[PDB]
Every structure is written in C-alpha cells, then in structure tokens.
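No sequence on hand, only this structure:
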Ligand SMILES: *[C@@H]1O[C@H](CO)[C@@H](O)[C@H](O)[C@H]1NC(C)=O
Ligand SMILES: *[C@@H]1O[C@H](CO)[C@@H](O)[C@H](O)[C@H]1NC(C)=O
Ligand SMILES: *[C@@H]1O[C@H](CO)[C@@H](O)[C@H](O)[C@H]1NC(C)=O
Ligand SMILES: *[C@@H]1O[C@H](CO)[C@@H](O)[C@H](O)[C@H]1NC(C)=O
Ligand SMILES: *[C@@H]1O[C@H](CO)[C@@H](O)[C@H](O)[C@H]1NC(C)=O
Ligand SMILES: *[C@@H]1O[C@H](CO)[C@@H](O)[C@H](O)[C@H]1NC(C)=O
Ligand SMILES: *[C@@H]1O[C@H](CO)[C@@H](O)[C@H](O)[C@H]1NC(C)=O
Ligand SMILES: *[C@@H]1O[C@H](CO)[C@@H](O)[C@H](O)[C@H]1NC(C)=O
Ligand SMILES: *[C@@H]1O[C@H](CO)[C@@H](O)[C@H](O)[C@H]1NC(C)=O
Ligand SMILES: *[C@@H]1O[C@H](CO)[C@@H](O)[C@H](O)[C@H]1NC(C)=O
Ligand SMILES: *[C@H]1O[C@H](CO)[C@@H](O)[C@H](O)[C@H]1NC(C)=O
Ligand SMILES: *[C@H]1O[C@H](CO)[C@@H](O)[C@H](O)[C@H]1NC(C)=O
C-alpha cells in the first residue's frame, strides 16, 4: 500500500555537473530504501541500499541520503556513463510488499537543436500489400518535446498514426521522433496531399513537410 | 508446615504443563516470528508445511517473575527438605498461597536464573537407570555467566571447574562411587540442543558449550585462561521449542545486547554404555523446556479442596 513517488519525472543536466534525485514515500519506510540505475535494455543496477550505503563496487559520486519518507540519491560530478533511469525501491514493510518508484530519466541537457523533418511516402510495393505507411522522420533534436501533426488534405485529422522517440544518443545526445500515419489503400488513394507539421521548441516556427501522391 | 504425609511427582506434576503452556502463550504475544513453519500431515506420509507470516517487531523480551496462586477449591502444597528427590512421600509438606517468584527462562543445557539448592548440589531424575531420562542438576551455588550479542559468554573457569566437580561427585554418588565420571559435549542433534541455547534481548543465542562439557576426571584446562569464553552466535532461523517447526526472527538492531545470568542448574544426560566398565559419560541435555519448569516446581503440587 506504500507509494513511492520520484518527483523529478525527468532531469536534464550536463556532464560534470551535479544531479539530484528525490524519492517521496507514502508512510515511513525507515531506512529500507535502495536506489537502482537502469540503462536502456539492461537489468537494473543496485546503486544504494539501506538508504545511504553504496553497493559493493560503485562510484563514490553517487550519494545516498535520507531516512523516513524523504530519500535522495545526489550525484556530484555526473558522468557520461551516469545516464540512465533511476529507481528507488522500498522494502521496509513486512509481510513483503515492496514497491518501486516510478522513475526518473537522467538525460543530458545540451543545446536546443532543431529537427530536420524527412517525409517518406508509402513504397508502392507496400501499397500493393493493402495499406500505406507515411513515415515522417524527425532527425537529431533536443527537448524530446516535439509535437507533430498529420494533416491529410490540410485536414487536422489526428488518429491513425503512432510516434516513437529514440533514446538519447552517444555523440550528438539528441532524440529522433518518428510519427507514422498508416492509412488504407482506398483511402490513401482518396487523398491528395499528406503533410506532417513539426512544432518543436528549437524550431523558429512550424515546419510542414509534405507530398502529393506521386 | 502441614501436619500430613502426601505423595509428590515432579516428573508427573501437572503445574509444569500448566506453566509451560502459559510460557508458550507468554511467547506468542511478545516474540512473534516473521515466518513460522510447522508440519501438517494427514498421516499419508506427505507433509505440507504450514507457513505463517506476521509482523516481526523487535522487542527486548525481558522475562518477568511469575507466581502461581491457587484460586479456590484449590490449594498448593509445598515439600520441604534439603534433598528432595521430588518423587515420593514428602514428610514436611506445607500449604502455600503462591509458589515463589519464578522467572520463566527458556534455555537448553544450562538452567539460568532458576532457584538454587539450599543444602548441597542435588540431581533429580525420573530414573537415573534410564540413559534416556534427563538428569536435572541443581546447583547450590550459581555460576555467573555473561553473554553478549557481540558473540560470546564469559564464565569463571574456577567456578565452573569446581561445579563440574561438585556435580561429578554427586553423580558417582548415585551411579557408583567406584565409577569414573566424564563430561562430553552434545552427542548430536539440533543446534538448540547441541549448544547452550537461550534467548537474551529477544535474540536467540547459540553458545558452543564444548569448554563447559569436556571434563575428564583427571586433567584440567586453565593454562592461559582465567575465564571460559563460549563462542556464541545469534541465529534468525531457529527450531521452535513450543512446537516442531522453524521460525525466522528479524535480525538484531539494538546497539547492544547483554546478559548476566546465574547458572543455577544444568540438564545432563549420561550415555547408556550398555553396562560397560565404570565410565559414565554425561553430556549436555535439555530442549524440553518442561524439565526446566520442573526444576522449579519439583517441590510443588496443586490440589483440590476437601
Ligand atoms: C498439502 O497439504 C494440504 C493440507 O492443507 C493437503 O490438503 C494437500 O493434499 C497437500 N498437497 C498439496 C496441495 O501440496
Ligand atoms: C553445596 O554448596 C556449599 C556452599 O553453598 C558447598 O560448600 C558444598 O560443597 C556444596 N555441595 C556439593 C559439593 O555439591
Ligand atoms: C558479568 O557481569 C557482571 C556485571 O553484571 C560482572 O560483575 C561480572 O564480573 C561478569 N562476569 C564475568 C565477565 O565473568
Ligand atoms: C568398587 O565396588 C565395591 C563397592 O561396592 C568395592 O568394594 C570394590 O573394591 C570397587 N571395585 C572397583 C569397581 O574398582
Ligand atoms: C565449538 O562447537 C563445535 C560444534 O558445535 C565444535 O566442533 C568445535 O570444536 C567447538 N569449538 C571449541 C570452542 O572447542
Ligand atoms: C579431556 O581429555 C582429553 C584427552 O585426555 C583432552 O584432549 C581434553 O582437552 C580434556 N578436556 C579438558 C579440556 O579438560
Ligand atoms: C588456573 O587458572 C585460574 C584462572 O583461570 C587460576 O585462578 C588458578 O589459580 C589456576 N590454577 C593454579 C592454582 O595454578
Ligand atoms: C544472579 O545473577 C546476577 C547476574 O550476574 C548476579 O550478579 C547476582 O549476584 C545473581 N544473584 C543470585 C541469584 O545469587
Ligand atoms: C536472568 O536471566 C536472564 C536470562 O534470560 C538474563 O537475561 C537476565 O539478565 C538475568 N537477570 C538479570 C541480572 O537481569
Ligand atoms: C574398560 O575399558 C574398556 C572399555 O572400552 C574395556 O575394553 C576394558 O576391558 C575395561 N577395563 C579396562 C581394561 O580398563
Ligand atoms: C505433626 O505433629 C503431630 C503431633 O500430634 C502429629 O500428629 C502429626 O502427624 C505431625 N505431622 C507430621 C509433620 O508428620
Ligand atoms: C520439618 O519437620 C521436621 C520434623 O520435626 C523437622 O525435623 C524439619 O526441620 C522441618 N523442616 C523445616 C525446616 O521446615
């Protein structure tokens, strides 16, 4: 019944700088609180446990602080490898009913980079299939916040389409959206112009890139 | 004193079972395990284990003396004698309101903080002939023993050496003078019985009592040692004394656990030997907390009003 809330849903900060994470707990969990670190596609990593004690073999930059219902995994000079989602685990009640925090992404904050929209039409081969897929890539950009709109014949219709951002990269450290309007065969043929409006923060103004069937 | 002659049988005394059952209930609301496992069979061999998980509050379980007063329609009879087998016709019996204050100490091998023997060291046994019946020793002079969650207990090598003597002498004074008396460690069995187990601060201590029961009616062991130090260990997963089954208690926490008890008695158990040459081997025993209670009620017996 214990709720563990990690307030900073997302924390953008730069390497070398100090990053701070705060795990909020329902009732008191005393000191039975651990912190984990998860790289995309990896098993978590036990960082801290018992609230303020680092796990064997862990960088001293990770500071475990707190007790009661207020814990803090503060990090001194954050590191390139220190990018990951952080999790707090509560394990104080008994019977065992341990709960995890909802997370916190420790993303690298960099320069507001604008997205270069590439609209890809549905390959005829794919259209011969029975459907059509218009891919509207959004290469290398930062604040993952990038509202995209699919306008069919200048129609703000918003439905049959599905986005997919990528993780933070290595070198560039940017994101790449990917909105995909998947229409039919008889309705793809029923419409003329297919536009994709990207409204990014680092975009001086809305940038519509489209195409007409052909 | 009461002017009458009555029968007594500490080995079949009913108060023992009445206290034991009480001491158990004195444990179900003071020391509650995080998990308790207990056999559950229909008889068909196959036996599932009944598991129970409750809160595991760290409480510094400190035993309070317990009196036993007869209500009404009932009267307690006490036996009086400097050496009472506790199993026969008592001459100096006498009715009492409540039995002396008894501190229900649950332990094995050594009886802690019990009641000393007025005269000398006495050893009772439901049958000394039977190498299966626990021999309850009653010290007339206790031997302080201090245990600590730090991992051990200290005992006076002096006092313990004497004690084994004034016990070893009371033994042959029952099995045959022209008989050698020896003391060996537990033969085997559960950790709780093989070592001197007991509870201190709610922590289940398990002290290795080898140095206390490896005495040969010939040599000594005080070379470079003033005090005996038993390497004790606190366990979380233990075999229950209240009933067959394990029980897990939460780890220790208090900055310090400490005990200073009076070794007021023992629980020995000589090995059969099948009538072999005079060489009786006595080893630590107990594990059946009732013998404990017994050692305290050996001279009592509640009876119905007339
Ligand atoms: C286990 O024990 C239960 C008793 O509650 C018994 O009814 C059952 O037949 C046994 N077999 C199982 C379920 O393992
Ligand atoms: C009983 O205790 C007295 C002192 O209280 C001691 O002198 C005596 O020897 C003891 N009896 C024995 C040897 O068991
Ligand atoms: C046990 O502790 C007591 C204090 O409670 C002390 O007087 C005694 O000397 C100790 N016994 C030992 C360590 O032999
Ligand atoms: C012990 O047995 C008797 C006493 O009953 C004694 O006369 C004899 O000399 C002794 N013999 C032994 C067993 O050494
Ligand atoms: C302590 O006890 C173990 C068995 O419980 C025994 O094997 C070991 O030799 C003992 N150590 C000492 C103190 O002699
Ligand atoms: C008992 O005797 C054996 C062998 O004679 C010896 O190894 C052991 O240490 C003795 N017990 C002690 C310590 O008094
Ligand atoms: C044996 O050691 C004890 C202390 O451990 C000491 O009191 C005693 O005097 C020693 N034995 C002798 C008489 O040398
Ligand atoms: C009982 O044990 C304590 C603890 O060491 C001791 O100091 C005290 O003198 C003992 N009292 C008795 C029963 O003689
Ligand atoms: C009585 O014996 C118990 C053993 O469980 C010990 O913890 C307690 O300290 C002893 N009495 C005293 C002196 O407190
Ligand atoms: C007693 O000691 C052994 C016991 O194993 C036995 O063989 C022997 O005959 C008896 N008497 C002796 C020789 O001491
Ligand atoms: C107590 O003394 C009286 C003397 O008249 C006697 O009748 C009674 O049997 C005695 N009781 C005991 C202690 O056996
Ligand atoms: C019990 O009565 C007998 C008979 O007179 C007496 O010898 C004995 O001392 C009494 N015991 C005590 C002290 O209660």
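Good, I have the coordinates. Numbering: from 1, shown residues only, chains lettered A, B, ... in the order given. Ligands and ions are numbered 1, 2, ... in the order given.

And the residue of chain A closest to ligand 8?
Closest approach of chain A to ligand 8 (Cβ to the nearest ligand atom) occurs at residue A:30, with a separation of 33.9 Å. Just so you know, the C-beta spots here come from the backbone N, C-alpha and C atoms, and that holds for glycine as well.

partners of that residue in the sheet?
When assigned by DSSP bridges, residue A:30 has beta-bridge partners residue A:68.

what residues are up against it?
A:67-68, A:92 (Cβ atoms under 8 Å, 6 or more residues apart in numbering or on different chains).

and which of those residues is nearest ligand 3?
Nearest member of those to ligand 3, counting by Cβ to the nearest ligand atom, is residue A:67, at 34.0 Å.

How many neighbouring residues does residue 208 have?
You didn't pick a chain, so chain A it is. Residue A:208 has 14 neighbouring residues, counting by other Cβ atoms under 10 Å in any protein chain shown.

Oops, wrong one, chain B.
When neighbours are counted by other Cβ under 10 Å, residue B:208 comes out with 18.

In this structure it contacts residue B:195, no?
Yes - between residue B:208 and residue B:195 a contact is recorded at 5.2 Å, counting by Cβ atoms under 8 Å.

By neighbours, which of the contacts of residue A:30 wins?
Most crowded among the contacts of residue A:30, counting by other Cβ under 10 Å, is residue A:92 at 16 neighbours.

ok now do the nearest residue to that residue once chain neighbours are set aside, which residues does it touch?
In space, and not counting its chain neighbours, residue A:92 is closest to residue A:32: 3.4 Å by Cβ to Cβ, 6 or more residues apart in numbering or on different chains. Contact partners of residue A:32, counting by Cβ under 8 Å, 6+ apart, are A:50-51, A:90-92.

let's see it at 10 Å
When the contact criterion is Cβ atoms under 10 Å, 6 or more residues apart in numbering or on different chains, the partners of residue A:32 are A:49-51, A:89-94, A:98.

I'd guessed residue B:251 sits against residue B:204; true?
No - contact criterion Cβ atoms under 10 Å: residue B:251 and residue B:204 do not qualify, at 11.5 Å.

Show me what the residue nearest to residue B:168 when sequence neighbours are not counted is bridged to.
Excluding its sequence neighbours, the residue lying closest to residue B:168 (Cβ to Cβ, 6+ apart) is residue B:181, at 4.1 Å. Judged by DSSP bridges, the bridge partners of residue B:181 are residue B:280.

Please report the number of neighbouring residues for residue B:181.
24.

Is it in contact with residue B:217, as I believe?
Yes - using Cβ under 10 Å, residue B:181 is in contact with residue B:217, at 5.1 Å.

Check chain A for the residue nearest ligand 2 and tell me.
residue A:94 (48.9 Å).

Spit out the contact partners of that residue.
Residue A:94 touches A:32, B:34-35, B:53-57, B:250, counting by Cβ under 10 Å, 6+ apart.

6 Å instead, please
Residue A:94 makes contact with B:34, B:56 under the criterion Cβ atoms under 6 Å, 6 or more residues apart in numbering or on different chains.

Please tell me how far the residue of chain B found nearest ligand 5 sits from ligand 7.
Residue nearest to ligand 5 within chain B (Cβ to the nearest ligand atom): residue B:208, separated by 3.4 Å. Going from residue B:208 to ligand 7 by Cβ to the nearest ligand atom, to the nearest Å gives 19 Å.

now swap in residue A:153 and tell me
From residue A:153 to ligand 7 the distance is 103 Å (Cβ to the nearest ligand atom).

could you check the distance from that residue over to residue B:94?
112 Å (Cβ to Cβ, to the nearest Å).

likewise residue A:42?
79 Å.

ok, now residue B:257?
41 Å.

Which one's more surrounded, the two?
residue B:257 (18 against 14).

mind listing what the more buried one touches?
B:149, B:200-201, B:203 are the contacts of residue B:257 under Cβ under 6 Å, 6+ apart.

Keep only those of those that are in helices.
Within the contacts of residue B:257, no residue falls in helices by DSSP state H.

residues making contact with stretch A:166-180?
A:40, A:107-108, A:110, A:113, A:133, A:135-142, A:144, A:146, A:148, A:161-165.

now those residues: which count as buried?
A:107-108, A:113, A:133, A:136-142, A:144, A:146, A:148, A:161 (16 or more other Cβ atoms under 10 Å in any protein chain shown).

Can you tell me the SS state at the spatially closest residue to residue B:119 that is not a sequence neighbour?
Residue nearest to residue B:119 in three dimensions, not counting chain neighbours: residue B:82, with 3.7 Å by Cβ to Cβ, 6+ apart. Here residue B:82 is recorded as coil under DSSP: H, G, I helix; E, B strand; the rest coil.

likewise residue B:19?
helix.

At the contact with ligand 3, which residues of the stretch 101-250 of chain B appear?
Residues of the stretch 101-250 of chain B found near ligand 3 (Cβ under 6 Å from any ligand atom) are B:144, B:146, B:154, B:156, B:227.

Which strand residues bridge the first one?
Beta-bridge pairing for residue B:144 (DSSP bridges): residue B:262.

And it, how far from residue B:264?
10 Å.

Look at those two and report which has more neighbours.
residue B:264 (23 against 12).

Contact partners for the more buried one?
B:111, B:114, B:116, B:139, B:142.

Break chain A down into its domains, please.
A:1-110, A:111-213 (CATH domains of a matching chain).

Nearest to ligand 3, out of those?
domain A:1-110 (32.1 Å).

Start and end of the closest one, how far apart?
39 Å (Cα to Cα, to the nearest Å).

The stretch 151-300 of chain B: strands as residue ranges?
B:152-156, B:180-183, B:196-200, B:203-207, B:215-216, B:227-235, B:237-239, B:246-248, B:258-270, B:279-284, B:300-304 (DSSP state E, counting those that start in this stretch).

Please see if the third one touches ligand 5.
No - counting by Cβ under 6 Å from any ligand atom, no contacts exist between strand B:196-200 and ligand 5, the nearest distance being 10.4 Å.
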